[PDB]
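Take a look at the following structure, please.
By letter and in written order, the chains are A, B, C, D, E, F, G, H and I; residue numbering begins at 1 in each of them.
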Amino acid sequence: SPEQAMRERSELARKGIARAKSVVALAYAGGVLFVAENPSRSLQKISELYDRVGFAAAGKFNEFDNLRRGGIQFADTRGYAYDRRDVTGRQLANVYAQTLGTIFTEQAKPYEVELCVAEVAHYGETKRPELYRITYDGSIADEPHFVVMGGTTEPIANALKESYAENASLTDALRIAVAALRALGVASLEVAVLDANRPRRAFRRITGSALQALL
Amino acid sequence: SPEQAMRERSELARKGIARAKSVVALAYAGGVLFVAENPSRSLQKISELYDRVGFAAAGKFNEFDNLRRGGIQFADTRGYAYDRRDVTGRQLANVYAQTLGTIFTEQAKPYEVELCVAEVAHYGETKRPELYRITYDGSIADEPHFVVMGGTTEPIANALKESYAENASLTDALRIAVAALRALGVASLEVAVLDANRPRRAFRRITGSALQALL
Amino acid sequence: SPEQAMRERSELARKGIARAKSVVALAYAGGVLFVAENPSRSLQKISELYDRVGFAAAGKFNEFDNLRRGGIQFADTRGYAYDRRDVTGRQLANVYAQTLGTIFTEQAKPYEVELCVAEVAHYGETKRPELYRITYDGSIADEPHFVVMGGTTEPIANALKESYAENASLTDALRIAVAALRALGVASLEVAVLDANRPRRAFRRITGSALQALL
Amino acid sequence: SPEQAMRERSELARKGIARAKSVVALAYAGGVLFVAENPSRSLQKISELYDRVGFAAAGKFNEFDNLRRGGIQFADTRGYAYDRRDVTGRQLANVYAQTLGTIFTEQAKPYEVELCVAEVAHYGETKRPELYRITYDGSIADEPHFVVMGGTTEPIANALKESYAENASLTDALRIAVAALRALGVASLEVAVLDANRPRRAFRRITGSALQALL
Amino acid sequence: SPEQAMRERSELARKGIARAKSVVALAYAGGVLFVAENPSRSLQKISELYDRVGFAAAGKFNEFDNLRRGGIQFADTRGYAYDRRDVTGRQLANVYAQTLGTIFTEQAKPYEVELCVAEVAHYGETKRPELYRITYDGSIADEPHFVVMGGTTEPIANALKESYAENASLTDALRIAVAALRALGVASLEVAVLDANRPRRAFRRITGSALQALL
Amino acid sequence: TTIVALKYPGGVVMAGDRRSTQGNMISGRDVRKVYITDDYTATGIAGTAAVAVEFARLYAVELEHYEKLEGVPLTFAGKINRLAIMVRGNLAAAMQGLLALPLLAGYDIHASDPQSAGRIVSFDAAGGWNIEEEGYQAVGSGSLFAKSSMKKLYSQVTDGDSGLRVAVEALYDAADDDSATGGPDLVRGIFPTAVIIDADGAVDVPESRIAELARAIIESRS
Amino acid sequence: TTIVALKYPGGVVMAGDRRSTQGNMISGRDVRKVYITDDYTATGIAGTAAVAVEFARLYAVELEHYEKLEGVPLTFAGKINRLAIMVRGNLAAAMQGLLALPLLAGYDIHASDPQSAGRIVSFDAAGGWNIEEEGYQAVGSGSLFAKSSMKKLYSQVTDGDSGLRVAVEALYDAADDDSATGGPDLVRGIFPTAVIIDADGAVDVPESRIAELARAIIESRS
Amino acid sequence: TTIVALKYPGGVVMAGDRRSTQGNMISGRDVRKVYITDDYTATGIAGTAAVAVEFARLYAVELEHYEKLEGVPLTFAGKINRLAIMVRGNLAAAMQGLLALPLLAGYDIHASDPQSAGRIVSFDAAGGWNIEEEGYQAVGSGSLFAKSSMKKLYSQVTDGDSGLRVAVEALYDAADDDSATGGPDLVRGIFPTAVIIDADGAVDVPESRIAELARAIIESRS
Amino acid sequence: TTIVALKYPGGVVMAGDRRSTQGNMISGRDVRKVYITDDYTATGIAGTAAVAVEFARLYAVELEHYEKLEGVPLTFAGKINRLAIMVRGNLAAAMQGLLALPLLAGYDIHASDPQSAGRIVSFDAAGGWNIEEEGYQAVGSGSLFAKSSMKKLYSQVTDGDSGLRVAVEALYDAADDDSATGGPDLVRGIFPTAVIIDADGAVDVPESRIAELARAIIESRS
């Protein structure tokens, strides 16, 4: 009776992901903005995969750490195989979905993680940012505006669907993100941005005095 | 029904770790201080991993002995691969967390151990000591002040949260450690310190006349 | 439910070891004295591992025979690898504990054996003899004075804790051993001694006229 | 619950061995005498392993046939490895015990066999014959006088413990053996002797006119 | 509980063999006579293995066909390895018994077959023919006069034990065989003989006019 | 092929020629042999043209991969060890005719003295490495002439401009004494490429300054 | 090294020399080259001294192992096949300098005629075997002289004593014509070893009879 | 390349030169060939420059790894065995042109006599080792001249200063007689490096004393 | 290198020289080549110095391992077989230049006659072994001279002292006739080492008796 087994595994994964912090990613005029509740200064829930691809997750650290390492390995191998301009976020999202789907069925314990992949345009080009969502069972979905994962999501989604204005600024988008997450000072916050005005590498972290002034 | 299996494994691990001696690690002006209740003079619950990394554990000896050996092997291989200054306690803590997480699920009997990793600054540098905690299921956490593991921990934690004064001395910190553990002479005690004023290797044991005078 | 499985395996091992003869090992001025109840002249429960290490066990013969063979192989390989003076009883005890711990969990039937490792000082040196105890599940403990294994042990331990005088002689220690085991002539007895006044090899058996005169 | 499994396997082995013919081996002045109830002239329950070692068993033919073949292979390899005089019956008995112990636990069906190994002195030497008994679970025991296996053994043992006279003759020992087994002419009998007055090979079969005259 | 499993497997094998045709093999002055109820002209239940060894079986065709092929392969390899005169029916019977015993335990479904091996003397020699019987579980037995297998056997055995006269002729033995099987013309009969007056190969089939005249 | 590197107070500088040949026939005229590996290092490989492009690409990929995995850049010793391992792993290819001779120059941001943070590392065939303490080094088929020129011209180095001028003059001397090294091309307009590393990072030198320096040197030597 | 074998009515006989050399230097004086394989066969191997001892030991072990496993001794054809396989499996070693040349003599208990049950089998380098029908054979470095001697002396063979005398004379002739073969040693007291196989089995010949025959031959030739 | 070692009452001393060459061309001027392996041992490897750096690093890593794993340092015999195994495992590389000749000097803390605890061990190509009982040893391309010098100068050794002076003089003689060994450089200021091991441990010798001794020797020989 | 062994009534004796050379240059002066394998055997290996030390160590380890595993010591035939297997397994190394020539001497405690329990076994390159029946044997580069000396001096052997004197004289003759064998050193005080095996076991001979015998022989030959 695979019905009971799949129901139990889905319940286990849902209960594992439910008791976790929330991560919010949204797109502004300069790219994508990642904000997470990370009191620890040594463990990071937001990172980069390639020159234009970003990584974000919520759940158990030892799982999405391995997922991030595998994604970085795949991106580097693919970039060296053909070219640096032939790497797209869709290829990484598909690999993540396949890996999670394989883990869910065969492995005794499923992964209690939620993944999001974001990409931006290259230098001197105009393109809308792309956001993808990958769940524990391997489902992949496309989100045009924002992705909310971790803990409860309905109130946060309803708060974000109200004050979200397209083509906003960094300070304004940060204010909306903090207000939505609150419903938090320099501490207990991790902020990263994918800047589309950079020559090659678009990922950079904002902490300390710059984060204090912006917030 | 993985719910029952995981509950039973967690209960087994908790019951195994509950009936064990207590280990306390705290940071003072000179580095980190390790104090443990070890009547045996031949079996050690505190050791070193690299030039600036220390090891401490509580539980079954044949398990964290293998864990210590694996950590030493990994540290030596990594140091020879790139450089001696490229080895950090976070890399060892992540490896330990992954190993424990893999052991918990696949292996028939989980490990009834608790691990702690401590690191100090290099010579001629100023940095706050870092302490990490790894549990049986693979959870990794960051502790700024002290780590208490083994047996009951609530009364010891409440006692330590009272008399702990930052930037203390070796004798004073030893007195707080002994008082917290009591709530013990030369016998039934193991004391080790990570000294940050040493040129290369920071680990040394204090026993005999020096331990008698300090206590 | 690993609780029931581990309880059942422990009960099986305890019941297997309970219905067996008793072995007593104690330290005297000349080293360590091994006395066992072995009516058979061809099967031996006491042997040697290296120049200064002795072996003793109680239980099923086909199990600790393999354990003795593995210990001898390990000791010979280690001695040839580095040096003859780099072999210590702690290294053999740790290997035995790891092997028994691995056997207990993975293998369908656990081993109903009890192991003891004894070591003495080298020639022209003064050091206290070391005794170790290894149980079926892999627990390793340090005993300063004596080890009692096989069958019932409480009455024998209480009898030995009374007449045991430190720095005794061979005849007196043999008398205490025989009296404790009785509570036996040349037959149904196996006696071996680790003599610390020998140049290189410390193990020798005493049987026949010499055993008759001593007893 | 390994208790039930081991009880069931032991009951299966006991029931298998119970419904079988009886084999009696005893030592006389000239060596060892093997007598068995074997109506078949083509299947043999008594054989030889080396120059001074004999084989005897009771149970299922296809099992102790393989055991005999393995013993012969081991004896030949060991004799060629070092020397012909370095082969002893204890080495074969230990190998048989280990093989039976391994078969009992891992294999789905245990072996319903009983083994006995006999050895005699070399030419121009005086030594008492050695007899060993190996059971289905791998237990090895030493018997000084005689071994009885197959079917019921208590009445046969009580009959043999009465008329057994040490240092008897071939005819007298054969008479005691036949009388004990009866409580049988040329047919339904297999007789073999390990003669210690032979130069190199001690095993020979007695059948036909010589067996008729002796009986 | 291996008792229930072995009882069930034995019941399965007995029920499979019960609903099958009967094969009768008996020895006459000229060798061995094989008679079977085989309406099919293309599938044969009687064959040859070597120059002096014959094969016969009853049960499922796809099983004893593989058994016959394996026996032929073994006989050819052994004959080429040492000599043609070193091949005996006992060696093939032992191999068949071992193979059936291994199949019965490990394999999920046992084999519902009954095997018989017959051998005759070489040219210019006098020896009594040898007949062996192998059952599904691997039991091997020696039969001096005749073997009956397939379907019910008690009435056929009682009929054969009455009119069987030693040192008979081909026609008379064929008449006894047909009478015993009836309690059948050219059709629904397979007849083969091992002729001991042939130079090298002793197996030949009798069908058609010769079988009509003999019957 | 010739690549030179020298130290000046406040940083380092590297330069190379733009000629590739197949025996005695000229096949390349605008080959680039100096690459920027990361924010504070530059690498120049001499020998077979095909091997150098793959070597620099693999080195940069490895450094970036480690940085991304660990989140912290490698130390100078780690980079030197990785380069030495890469060189040592190509002994069979070098014996078969695919030989590469790299040269490394970088700026150490962890050094106590900011005015002596420039480093030059040279490698040998067996895979050994050495840190230059004299202030200059050269590799290639005309490295001897360039080194001899710098031995006399190093007394005039004061800042980045003096170091660049000395490097261009050394390349000119090497091209004068060696037919496998290409000199300045006034008819076509091809000049050597240079890289300057300082406390702010590694920046490519524009062609205008190199052309001006080459013209001044040619006028002086006329 | 020379081993001879011949047939007489009622059995066979074998003999060999006792000299081993390393080039032109004598290194052995009491080497035994004839062994008893089983109750009715004898084997003599020529060539390298080390290989023969291992060959005879392996052959005897294999025969005894088969006898113990099956309970019935092998036939003559089976033993010949096993020996041929053993010889053929050593071609590479022979090409590398470890060459062995065996000779087999046995008594067939299953033969119809008890007076013609003696067999002599010779082997070649490739591994082929042949059953001698002339009554004698020899192997070694002096086998030609011994065979030529037996070709003339075979008319005097009537029983075991005549065959033994002819074998000793053939060995004496081979030692006379070949410096690698050792003759009788009257000063030291070393004589060739012999084995006689008959219907009762293979028995070693005592040294007294061989010494007497050698002394008689020496006196006759003086 | 030349490394010398000698015993004095209370410890040992080691020293080496600072020259590396590629055929007849000088390529190195400040090469260090003496390393401190642990608290009481020193190692000096001669031959190819690249192999020695890797050898010393591997040896130190192995010793530290064993110490950390077991909690007790190895004995002198164990260290000698490990070094011999390392040397023996490089026979193919030595035959291919990567040859290393190590020299070991250490202080035994477990020796009964504190005044005779100094040990010098030398190794051969096949991997064998020997403990020197004469008091001095040398390796390299100019080891014969240095050994001949010490054979006459060893009578003046009384303490650490005398041993250091004798070692410097032997290195000077080896450099005088061999063109592959570099002597003192008064113009540049480069002097040989030395290590002294005593009951307190192994300490590097400051350059001032070595420079003073070299100047005194040069003045005496003028 | 030369090792000699001879039998006397009641036991055996072995001895060897103390010189090692690398071509024509003397590199060793106190090398020991005779070892005690167990309570009743001694082994002496000639050839490459590095191989002998490893061979003796492996042989002793194997014998002790078997004794510990089985609880009963091996017979003489088993030890001979193990040594022969060890020698045969080194044919490729010997062909590559790592050759070892062992010599074995032991006392058989299971022999019926206690006065003839001494055994000497010699081995060849192919791996064969032979038990000496003449009473003496020698191996090495000067074994011929030593054997010729013992052939004339063996008539004076009566007990252990006579055997030791004859062995020392044979070593002296071998050193006199061969430049690779080292004779007694009166200036330095180095003498050959000897081992005596009797019914009580194998005991090393003190240096005083060997020195006295050497001085007496030198005085007699003067």
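Following the convention adopted for this analysis, a contact is a pair of C-beta atoms (placed from the backbone, for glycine too) under 8 Å apart; a residue touches a chain by one contact, two chains touch by 3 or more.
Any chain touching chain A that also touches chain I would appear here, but none does. Remark: the per-chain Cα centre closest to the mean position of all protein Cα atoms belongs to C.
When the contact pairs of C-I are set against those of B-F, D-I or B-H, over half line up by residue number only for B-H.
We define each chain's centre as the mean of its Cα atoms; on that basis chain A and chain D are separated by 76 Å.
Here the spacing of chain C and chain G, counted between their Cα centres, is 59 Å.
The centroid of the Cα atoms in chain A and the matching centroid in chain B are 34 Å apart. Between the CA-based centres of chain C and chain H the separation comes to 48 Å, rounded to the whole angstrom.
Contact between chains, using the touch rule, shows up for A-B, A-F, B-C, B-F, B-H, C-D, C-H, C-I, D-E, D-G, D-I, E-G, F-H, G-I, H-I.
The residues of chain B lying in touch with chain F in their complex are 81-83, 85-86, 91.
Of all residues in chain G, only 22, 28, 30-31, 48-51, 53, 98 touch chain I in the complex they form.
Touching chain D in their complex are the following residues of chain C: 8-9, 11-12, 40-43, 60-62, 65-66, 108-109.
Residues 57, 61, 64-65, 68-69, 71 of chain I are the ones touching chain C in the complex.
Only residues 1-3, 6, 90, 94, 97-98, 101, 105-106, 130, 138-140, 142 of chain B touch chain A when the two sit together in their complex.
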